[PDB]
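To start, the structure itself, in structure tokens.
Numbers and lists here come from the model and the stated rules, or from a named source; no laboratory instrument gave them. Backbone-built Cβ (ideal geometry, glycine too); neighbour counts: all protein chains shown.
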Amino acid sequence: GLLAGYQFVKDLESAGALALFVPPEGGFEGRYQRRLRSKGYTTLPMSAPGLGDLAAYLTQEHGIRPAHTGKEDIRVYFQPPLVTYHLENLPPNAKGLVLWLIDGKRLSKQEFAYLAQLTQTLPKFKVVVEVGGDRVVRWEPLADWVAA
Amino acid sequence: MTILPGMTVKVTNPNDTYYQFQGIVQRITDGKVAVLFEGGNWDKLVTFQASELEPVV
Amino acid sequence: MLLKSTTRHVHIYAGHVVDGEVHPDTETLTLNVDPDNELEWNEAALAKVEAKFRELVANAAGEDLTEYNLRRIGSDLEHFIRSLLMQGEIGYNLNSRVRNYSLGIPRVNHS
Amino acid sequence: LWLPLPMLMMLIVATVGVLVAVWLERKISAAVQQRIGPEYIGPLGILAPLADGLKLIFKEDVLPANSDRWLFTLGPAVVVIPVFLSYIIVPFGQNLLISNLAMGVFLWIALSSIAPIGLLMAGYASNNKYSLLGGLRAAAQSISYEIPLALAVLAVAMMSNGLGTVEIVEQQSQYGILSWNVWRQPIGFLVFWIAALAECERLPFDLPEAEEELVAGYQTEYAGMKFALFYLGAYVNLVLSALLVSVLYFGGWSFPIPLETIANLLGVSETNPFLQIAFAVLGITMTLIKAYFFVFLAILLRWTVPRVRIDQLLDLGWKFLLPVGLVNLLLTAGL
Amino acid sequence: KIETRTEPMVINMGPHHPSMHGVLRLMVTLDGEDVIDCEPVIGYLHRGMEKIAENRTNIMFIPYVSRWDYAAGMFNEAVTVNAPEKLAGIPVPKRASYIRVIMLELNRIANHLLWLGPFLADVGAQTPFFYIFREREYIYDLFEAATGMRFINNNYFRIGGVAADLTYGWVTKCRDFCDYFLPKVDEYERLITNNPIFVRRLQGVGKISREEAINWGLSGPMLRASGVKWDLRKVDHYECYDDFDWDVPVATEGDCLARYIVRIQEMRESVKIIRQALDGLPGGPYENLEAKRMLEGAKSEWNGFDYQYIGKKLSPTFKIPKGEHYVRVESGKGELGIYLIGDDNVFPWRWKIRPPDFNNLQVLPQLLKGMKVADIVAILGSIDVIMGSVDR
Amino acid sequence: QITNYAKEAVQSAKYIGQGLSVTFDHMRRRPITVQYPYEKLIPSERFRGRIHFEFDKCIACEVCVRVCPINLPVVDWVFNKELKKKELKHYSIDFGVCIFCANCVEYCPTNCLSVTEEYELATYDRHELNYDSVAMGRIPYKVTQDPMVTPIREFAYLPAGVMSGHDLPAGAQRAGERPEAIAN
Amino acid sequence: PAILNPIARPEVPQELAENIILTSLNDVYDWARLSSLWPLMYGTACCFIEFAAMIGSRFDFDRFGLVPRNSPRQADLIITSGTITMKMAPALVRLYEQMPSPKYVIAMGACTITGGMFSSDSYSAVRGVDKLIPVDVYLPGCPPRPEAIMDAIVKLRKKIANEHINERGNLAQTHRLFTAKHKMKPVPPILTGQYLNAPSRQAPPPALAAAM
Amino acid sequence: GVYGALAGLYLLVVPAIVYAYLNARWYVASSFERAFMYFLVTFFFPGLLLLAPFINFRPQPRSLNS
Ligand code: SF4
Ligand code: SF4
Ligand code: SF4
């Protein structure tokens, strides 16, 4: 409805890997990562097409090659692994972090299931993959969304 | 019929912008297939829903 | 006239500031590093850029007082703050609303 | 704490009349450009006047660099409390009246003259060259279009034999629509309608800088809550001016018998409970519904006439609208 | 604070400049109501286009060029590909020549429609500003079909011709568009010629004589609106524009009203050149050109050097031959020329863009002499300026 | 005098009377407008949305770099002298630096690089646009295969006669691809 | 060291406790800013036409709640639509500081992200608007479609709702002022406000008109 | 001023049936019906403002039968 409580935070601690279906004009998804951020959970909103292989990006270090633009050699910037570098800067008095992936609807189902099975093998870490659209913002776990 | 990555299909449905364009398919996935259309100057692959693609020999 | 050199991290004005209102002077140059809090500073490195700000003002005190010459000082300060990131002295602020990483991404050293 | 119910219930009507006009501005001007208007917020833009006003409350209302602090803050307050106070004049409803003042169409034309001072302490106190120039330009424009605006009220003061706005709508209730003053004063309606539109609307105004005579006018350095008085107070002046078009010339709370067919801008049933609530509420705020027609006509007139320059604006109130307002006062008399 | 003095007041138009013709900055000084001097500050969009081309090949610079006159688009690509194809003597096929006439005349309509909308709002009535851009969106999709982009960044012009042929439902879609837009050209003309309040802001306001227009250096609908009749599509026999019958719009008045009626008449003459080129196409429609490719594919009157979109698809390592050059294209805004001198390598030695608006903006101080304050954007809106062409 | 202001007022107060009528007739027409997130407009067949990539096709020859206006696509390749054929190990086109001119998809012999139709790429980070070879090899987002978007067609794709894409129940482009194969 | 350009650890606990009432007021605070934010009518290069095509009839600007304002104070959003050179680089920061603090700059086109096509070799282009002002949403394209800008508005609208009402303190600039005295010679300004009335346009000077 | 007799007949129950009418026929309505449609917005506007966040005019999902 309109008056939303904190059921979105409890569903994320239950499932670990949610899948929001937000209105496509925006503005109503981010009211649920404020209830998430009020409960100690920090948020790293990334972009789902910008990630490469999620194994080599999130839990492994990746060599990002910047734009040399014809006036530079092929530099290889080894960035730290994203979910395990933002966990160590996250202090242990607060809760985990959430991956607020936007435009999740261009991710394959093999990358959906990899984000689903990672949230329990890695402690204090969850994902919310914004996939698809609906007239009313609603969520479901990623375990049965790949089973659709 | 099933689609392998590299056969020449052509679109058959009329409620589509690409009515009868043909080309090589590329990167078939769990429900979707992208068909490289080989159109003129800039080659363009467009996603489809693994149907309405009748190949030719 | 208010000759100024306003990059993202360096705001060098030609004048002194009395409570927000900048008054154009001829003798002085005012500098506030990081108007937006993109880098989390400390007491050590804020004096390290004062070893660079008063160095470049004293070095370029034989040239003209133009917007081109203030931009040459404000650029070499902005090349000095970026060297403090690559030395790991200061780090990016996470309480800021933007996380666009203007002075390069975090990356590990030698793979 | 808002103890008079005639003062509270009028004020709810006095603010929802503005929020109609901000909604009607963004939807009628979208229909004349074949676009939607504000969708996706509320049902169809119903919360878009609320969203445009509520964001100006939550923004950091910062002053400019070297400005007079007390004249900058009281700048928009001289413009808009004279048009917030004269909502005690407007008589909507047969059994609804807030104050039976002996005048009020003269008190409104007296209160609207404080508004050129607020355009002078908005141009001066913002302390830049282009807003002081826009301050003297906006002030000398509302100066020019008041003596034609005061002489149109003088025309409906002879026919009503007084300045009482209860007596003014009482002279137009003996025949319903044949006794309206727009049928008796066809010229002085135009003297009222052009001169009032040159002090509240968006068409004869240099506050949009499409001609670049200034930076953005006098309301350039104003932001946040102080601009909310300049933005949501120019539609207060639009509704208030359109409320008096629907009182002086058109009969306030005056309309024929509603015992009509389904084509009476109503439902289908003759005896409907939806028409018994559309008759009682219309018996409470009727001249607001009539003022919603001239608010609509003010938006519709914006996209017809050219954006005329200030040299031909001031040569219209003095050289044209003032002699046609003088001869209308004589033709209203015997002569 | 702000004081009230008796000397003439100088106001800064500012590099902010909320208008659709770039970013100018006019330090115009006022004498109460009349202006007495004005300096234009340009260069706020100087991205160094001439230094770029000395380290670009021609296929690497073709995306760069449609950003000078970004109202026009492919008028910049016309001068670009004509600089080595008229120096190396590379023959352009006849069909690709008529596609260039089709694309350039549609750009001049879009050049004039982007001029027209802001000009009508600066001179008065603001309601056609939203109905003119709707007519430009039809021209966007005609380029979005044939090329891959709306109005600029459309790599269509090549050294041996054009990039590709038209789409299938394209030639019938000017016949939907330019048989519908041409009734609206006279509708735009009757806005200012009728309603005689607009003529009191454009008669004698920014008047330039014929003798001062050639001396100050002018081209296109600002030179021709002083009674000159100089058009480089007629003067230079440029790429099969001489195969059509079309009159050069001249107005011997000099004022801003003469500049309005010429640019409206350039829209009307452009549809004439379009309809003579759609019917004068060598192979006609591409779906009918490709039809003869299958019935007589061995050796026909078709499949020649003409009836195709390119002569020879050149390599990326195409060396410009040695020699100076100056190619001229009559744009919608004037003469857009480039002074190419190249060495025997793939980079040119000097690429001096001579813009049509850089030479028309230098008259703006002289046109703003005795004019009023409300008639400053009425002058600047009538020069048909795009900054980015002026500054490069 | 008084016999002039009843005649000098009519000459334009009726011209705005014939101007208020035409603007009210502008409201009579249907709003021709593309509501974006519920009616995304279909791109053309040649639209250069973003570049796709085939890692099993790129034979390491850097033609995409030499034809790019800014030499943008990073081709990381080793020579691999045990097999005597250069095999790449990383490929990236940093979008945001990328002008979508698509010289790389035109001068490619093996037909690896190709333009997609998705323009809906907009990140909160500049470095989230540096697409990987497996991030560019992802499947595009088609406007028609989305159960929230009613895809309206573009001009020069409607049938011959109609200049709008809203009240279009069926049809195709205004010409046929191969109509004359059994005719001629 | 260990990691180049590191992330500073937030030592604050961020004790962002709130009841049902205060977050219900925070939803109205964020909705009122995402749904009627007013963009500045700003444009330098080619991306202003793609931005002005979105003002028009085919794509509706005022449909998300976007009203273009030709003033920095009345506007909050500023869509940087155009390549900014060394000039317009002090002018764009001046347009940015004259705004109320919920600003949310979005970069539009390739030349406000990394200075896209003039990022290779250009002597006066700042490579990306994020070398001058902080950017909320990036938008690639050259030029972007008017549909593609309305995605960047939608991506921006999802960022306003994440903003918290008790995190309104970091929106104001911090002031680490420092002061040094220089010895540079002051120069008279080059661009004075006289062009035609300058004493060199009225007549050609001597020792040059003799050979004319 | 009534308490709950005629206030709820204008603020609560009649804006719900206009929102049934506004959602159904707003774009398909003719030139004469839209002028009456704009009248129902400005007249019931204090009632239309209360039940504004409880109705949405977003279109329904499609079926994708191709
Ligand atoms: S242009 Fe094609 S063949 Fe050449 S390197 Fe790129 S992908 Fe490989
Ligand atoms: S789109 Fe342009 S910049 Fe990007 S890889 Fe292709 S040629 Fe290079
Ligand atoms: S990338 Fe191209 S379209 Fe975008 S701002 Fe730069 S020049 Fe204009």
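Select from segment G:13-64 the residues that are among the aliphatic types (A, V, I, L, M) and surrounded by fewer than 20 Cβ atoms within 10 Å (Cβ to Cβ) and list them in ascending order.
Passing the criteria: G:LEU16, G:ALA17, G:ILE20, G:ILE21, G:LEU22, G:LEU25, G:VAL28.
Looking at segment H:37-66, which of the residues that are exposed (fewer than 13 other Cβ atoms within 10 Å of the Cβ) and more than 14 Å from chain A (Cβ to nearest Cβ) is nearest to D:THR285 (Cα to Cα)?
H:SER63
Can you name the number of the only condition in (1) out of contact with any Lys or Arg (no Cβ under 8 Å at 6 or more places or on another chain); (2) surrounded by 22 or more Cβ atoms within 10 Å (Cβ to Cβ); (3) of a type outside the set (S, T, N, Q) that G:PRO10 fails?
That leaves (2) as the condition not met.
Tell me which residues, restricted to segment F:44-67, are within 8 Å of chain E (Cβ to nearest Cβ) and either more than 16 Å from ligand 3 (Cβ to nearest atom) or more than 25 Å from the chain's Cα centre (by Cα) (or both).
The answer is F:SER44, F:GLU45, F:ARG46, F:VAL63, F:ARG66, F:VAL67.
Could you count how many residues in segment G:71-86 are closer than 30 Å to G:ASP121 by Cα, part of a loop (DSSP other than H, G, I, E, B) and among the small types (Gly, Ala, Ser)?
1
Keeping to segment G:31-70, report how many residues are assigned to a helix (DSSP H, G or I), within 14 Å of chain E (Cβ to nearest Cβ) and among the small types (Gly, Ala, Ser).
Counting residues in segment G:31-70 that are assigned to a helix (DSSP H, G or I), within 14 Å of chain E (Cβ to nearest Cβ) and among the small types (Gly, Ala, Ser) gives 2.
Taking the residues in segment F:96-144 that are more than 16 Å from ligand 3 (Cβ to nearest atom) and of a type in the set (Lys, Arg) as candidates, determine which candidate is farthest from the other protein chains (Cβ to nearest Cβ).
If we take residues in segment F:96-144 being more than 16 Å from ligand 3 (Cβ to nearest atom) and of a type in the set (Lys, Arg), then F:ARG138 is farthest from the other protein chains (Cβ to nearest Cβ).
Does E:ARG200 satisfy the criteria of being surrounded by fewer than 19 Cβ atoms within 10 Å (Cβ to Cβ), under 30 Å from E:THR127 (Cβ atoms) and charged (D, E, K, R)?
Spelling it out, E:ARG200 is indeed surrounded by fewer than 19 Cβ atoms within 10 Å (Cβ to Cβ), under 30 Å from E:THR127 (Cβ atoms) and charged (D, E, K, R).
Out of all the residues in segment G:20-30, is one or more away from ligand 2 (no atom under 16 Å from the Cβ) and within 14 Å of chain C (Cβ to nearest Cβ)?
yes
List the residue pairs whose Cβ atoms are under 8 Å apart, where the first residue sits in segment G:42-58 and is of a type in the set (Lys, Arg), the second is part of a helix (DSSP H, G or I), and the two are 6 or more positions apart or on different chains.
Cβ pairs passing all conditions: G:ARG58/E:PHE133; G:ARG58/E:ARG134; G:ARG58/E:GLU137; G:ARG58/G:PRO146.
So E:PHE133 fits all but one of (1) of a type outside the set (D, E, K, R); (2) more than 16 Å from ligand 3 (Cβ to nearest atom); (3) more than 14 Å from chain D (Cβ to nearest Cβ); what number is the exception?
Here E:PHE133 meets the rest and fails (3).
Among D:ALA31, D:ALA48, D:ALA77, which is more than 9 Å from every other protein chain (Cβ to nearest Cβ), among the small types (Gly, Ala, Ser) and under 22 Å from the mean Cα position of the chain (by Cα)?
Sole residue among the options that is more than 9 Å from every other protein chain (Cβ to nearest Cβ), among the small types (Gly, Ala, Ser) and under 22 Å from the mean Cα position of the chain (by Cα): D:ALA77.
Matching residues to (1) touching a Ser or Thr at 6+ places or on another chain (Cβ under 7 Å); (2) surrounded by 16 or more Cβ atoms within 10 Å (Cβ to Cβ); (3) closer than 30 Å to E:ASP245 by Cα:
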position: E:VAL271; (1), (2), (3): no, yes, yes
position: E:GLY284; (1), (2), (3): no, yes, yes
position: E:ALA298; (1), (2), (3): no, no, no
position: E:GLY311; (1), (2), (3): no, yes, yes
position: E:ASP375; (1), (2), (3): no, yes, no
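Considering segment E:338-356 alone, what residues qualify as being out of contact with any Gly (no Cβ under 7 Å at 6 or more places or on another chain) and surrounded by 24 or more Cβ atoms within 10 Å (Cβ to Cβ)?
Residues satisfying the conditions are E:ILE338, E:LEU340, E:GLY342, E:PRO355.
Would you pick out the residues in segment F:134-153 that are of a type in the set (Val, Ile, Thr) and in contact (Cβ under 8 Å) with a residue 60 or more places away in the chain?
F:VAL134, F:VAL143, F:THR144, F:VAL149, F:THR150, F:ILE152
Regarding E:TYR64, is this residue assigned to a helix (DSSP H, G or I), more than 14 Å from chain D (Cβ to nearest Cβ), more than 16 Å from ligand 2 (Cβ to nearest atom) and farther than 30 Å from E:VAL373 by Cα?
Considered against the rule, which asks whether it is assigned to a helix (DSSP H, G or I), more than 14 Å from chain D (Cβ to nearest Cβ), more than 16 Å from ligand 2 (Cβ to nearest atom) and farther than 30 Å from E:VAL373 by Cα, E:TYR64 comes out as no.
Mind listing whichever residues of segment F:63-109 are in contact with a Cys (Cβ under 8 Å, 6 or more places away or on another chain) and more than 13 Å from ligand 1 (Cβ to nearest atom)?
If the condition is that a residue be in contact with a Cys (Cβ under 8 Å, 6 or more places away or on another chain) and more than 13 Å from ligand 1 (Cβ to nearest atom), then F:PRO69, F:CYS98, F:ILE99, F:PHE100, F:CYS101 are the ones that fit.
Filter segment F:68-77 down to the residues that are under 18 Å from F:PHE95 (Cα atoms) and away from ligand 3 (no atom under 16 Å from the Cβ) and list them by number.
Matches in segment F:68-77: F:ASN71, F:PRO73, F:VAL74, F:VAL75, F:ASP76.
Going through segment F:83-119 one residue at a time, which ones are near ligand 2 (Cβ under 10 Å from one of its atoms) and acidic (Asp, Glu)?
Within segment F:83-119, F:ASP94, F:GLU106 meet the criteria.
Looking for something surrounded by fewer than 18 Cβ atoms within 10 Å (Cβ to Cβ), within 14 Å of chain F (Cβ to nearest Cβ) and touching a strand residue (DSSP E or B) at 6+ places or on another chain (Cβ under 8 Å) - is there at least one such residue anywhere in segment A:112-132?
yes
Among the residues in segment E:20-36, are any in contact with a helix residue (DSSP H, G or I) (Cβ under 6 Å, 6 or more places away or on another chain), more than 18 Å from E:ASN359 (Cβ to Cβ) and not aliphatic (A, V, I, L, M)?
Checking segment E:20-36: not a single residue is in contact with a helix residue (DSSP H, G or I) (Cβ under 6 Å, 6 or more places away or on another chain), more than 18 Å from E:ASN359 (Cβ to Cβ) and not aliphatic (A, V, I, L, M).
Please give the helices (runs of 4 or more DSSP H) falling wholly within segment D:164-236 in which 3 or more residues are within 10 Å of chain G (Cβ to nearest Cβ) and within 30 Å of D:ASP52 (Cβ to Cβ).
D:225-231
Okay, residues lined up against (1) within 14 Å of chain A (Cβ to nearest Cβ); (2) surrounded by fewer than 22 Cβ atoms within 10 Å (Cβ to Cβ); (3) within 16 Å of ligand 1 (Cβ to nearest atom):
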site	(1), (2), (3)
G:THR80	no, no, no
G:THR83	no, no, no
G:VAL129	no, no, no
G:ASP136	yes, yes, no
G:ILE153	yes, no, no
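Show the residue pairs that are 6+ apart or on different chains and have beta-carbon atoms under 7 Å apart, the first residue being within segment B:44-57 and at positive phi, the second being buried (at least 20 other Cβ atoms within 10 Å of the Cβ).
Close Cβ pairs (under 7 Å, with a partner that is buried (at least 20 other Cβ atoms within 10 Å of the Cβ)) amount to B:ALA50/B:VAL33; B:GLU52/B:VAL11.
Test C:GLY88 against the criterion of being surrounded by fewer than 18 Cβ atoms within 10 Å (Cβ to Cβ), within 24 Å of A:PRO66 (Cβ to Cβ) and in contact with a helix residue (DSSP H, G or I) (Cβ under 8 Å, 6 or more places away or on another chain), and give yes or no.
no
Between residues in segment E:50-74 that are on the phi > 0 side of the Ramachandran plot and residues that are hydroxyl-bearing (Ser, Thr, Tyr) and assigned to a loop (DSSP other than H, G, I, E, B), which pairs lie under 6 Å by C-beta distance while being six or more apart or on different chains?
Once the first residue is on the phi > 0 side of the Ramachandran plot and sits in segment E:50-74, its partners that are hydroxyl-bearing (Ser, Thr, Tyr) and assigned to a loop (DSSP other than H, G, I, E, B) give E:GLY73/E:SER66.
Would you tally the residues in segment F:55-75 being without any contact (Cβ under 8 Å) to a residue 60 or more places away in the chain and either more than 15 Å from ligand 2 (Cβ to nearest atom) or not assigned by CATH to the domain that holds F:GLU128 (or both)?
Qualifying residue count, segment F:55-75: 4.
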